[PDB]
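J.: Please see the structure below; I have some questions.
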Amino acid sequence: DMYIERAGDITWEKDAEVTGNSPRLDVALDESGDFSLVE
Amino acid sequence: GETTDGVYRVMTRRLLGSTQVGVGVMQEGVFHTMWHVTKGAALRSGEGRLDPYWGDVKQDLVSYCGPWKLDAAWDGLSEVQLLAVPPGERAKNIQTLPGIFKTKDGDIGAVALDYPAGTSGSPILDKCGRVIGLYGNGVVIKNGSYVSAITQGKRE
Ligand SMILES: Cn1oc(C(=O)Nc2cc(Cl)cc(C(=O)NC(C)(C)CO)c2)cc1=O
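For the record, the sequence lines run as chains A and B. Remember, the deposited numbering sits 49 above the position in the first sequence when you count from 1. Remember, the deposited numbering sits 15 above the position in the second sequence when you count from 1.
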């Protein structure tokens with residue numbers, strides 16, 4: 050059986066760790082909700 | 016049981032010990048998570064029970080106790096924060112600038128951050144703190160890196 054536990058508030062934090070890139074990818078979404086790369 | 020607005024972990028006792036399968040957002044008395052996290056199954060919250068109300072495998076979304084409430088959208092320009100809730104670790108905001116998933120049916124925002132599968136359902140936030148989507152359905156590129164879509168549902 051699955052259950053939920055509170056993990057925190059939904060707020061924006063000023064001066065948070067800024068990381069990660071912004072790639073532009075050609076993708077395909079199948080009928081099962083799965084994404085795949087199209088090249 | 017617990018109907019307070021906020022971010023929640025989704026746990027199971029079926030495997031060894033307590034395992035985190037995903038994360039979700041409680042807002043306006045409705046629990047929002049990714050379909051692949053629960054597979055549409057009922058949830059427990061203290062003495063209370065949450066039953067599913069709406070869901071769609073292709074969108075990979077599910078709402079509990081009521082219809083989908085999250086409607087805010089990415090503006091296409093600004094940086095966002097992933098409010099990541101990793102398994103066994105504290106909730107942490109990671110700011111990033113989203114990329115784009117180009118599909119034959121339109122472009123969608125994408126977040127390029129590496130987190131374990133049990134982090135699926137973690138909300139993505141705008142500068143006002145509004146949930147613009149959920150993290151945890153995407154693709155694994157070239158070196159084993161993960162890129163998730165910015166998955167938002169439709170408010171009726
Ligand atoms: C089942 N099923 O799972 C998914 C899905 O998107 N899983 C998932 C989600 C996340 Cl947030 C991360 C990773 C992941 O690979 N993590 C590392 C640590 C290995 C690399 O960052 C995987 C869809 C789906 O139908």
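In this text, a Cβ means the ideal position worked out from N, Cα and C, and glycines have one as well.
For the alpha helix (DSSP H) containing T53(B), name the first residue and the last one.
T.: Here the alpha helix (DSSP H) through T53(B) covers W50 to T53.
J.: Identify whether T134(B) lies in helix, strand or coil by the three-state DSSP scheme.
T.: Here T134(B) sits in helix by DSSP.
J.: Does any residue of chain A bring its CB to less than 8 angstroms from the CB of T53(B)?
T.: Yes, because at least one Cβ of chain A sits closer than 8 angstroms to the Cβ of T53(B).
J.: Taking CB distances under 8 angstroms as the criterion, tell me whether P138(B) reaches chain A.
T.: Yes, because at least one Cβ of chain A sits closer than 8 angstroms to the Cβ of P138(B).
J.: With DSSP as the reference, label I156(B) as helix, strand or coil.
T.: Note: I156(B) maps to strand in three-state DSSP.
J.: Identify whether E66(A) lies in helix, strand or coil by the three-state DSSP scheme.
T.: DSSP places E66(A) in strand when its eight states are reduced to three.
J.: Would you decide whether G159(B) is buried or exposed? Buried here means 16 or more other CB atoms lie within 10 Å of its CB.
T.: Label assigned to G159(B): exposed.
J.: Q74(B) by DSSP, collapsed to three states: which one?
T.: In this structure, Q74(B) counts as coil in the three-state DSSP scheme.
J.: Let me know the secondary structure DSSP gives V76(A) once reduced to three states.
T.: The answer is strand: DSSP assigns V76(A) an E or B state.
J.: Check the Cβ of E66(A) against every Cβ in chain B and list those closer than 9 angstroms, keeping chain order.
T.: Those within 9 angstroms of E66(A) in chain B are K107, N108, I109 and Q110.
J.: Here's the rule: buried if 16 or more other CB atoms are within 10 angstroms of the residue's CB, otherwise exposed. What is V162(B)?
T.: By the 10 Å Cβ count, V162(B) comes out buried.
J.: Distance check for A125(B) and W61(A), CA to CA, integer angstroms please.
T.: C-alpha separation (whole angstroms): 19 angstroms.
J.: Jot down the residue ranges of each uninterrupted beta strand (DSSP E) in the segment 85-150 of chain B, minimum 3 residues, whole runs only, in chain order.
T.: As far as the segment 85-150 of chain B is concerned, its whole beta strand (DSSP E) runs of at least 3 residues are 95-99, 107-111, 114-118, 121-126, 137-140 and 146-150.
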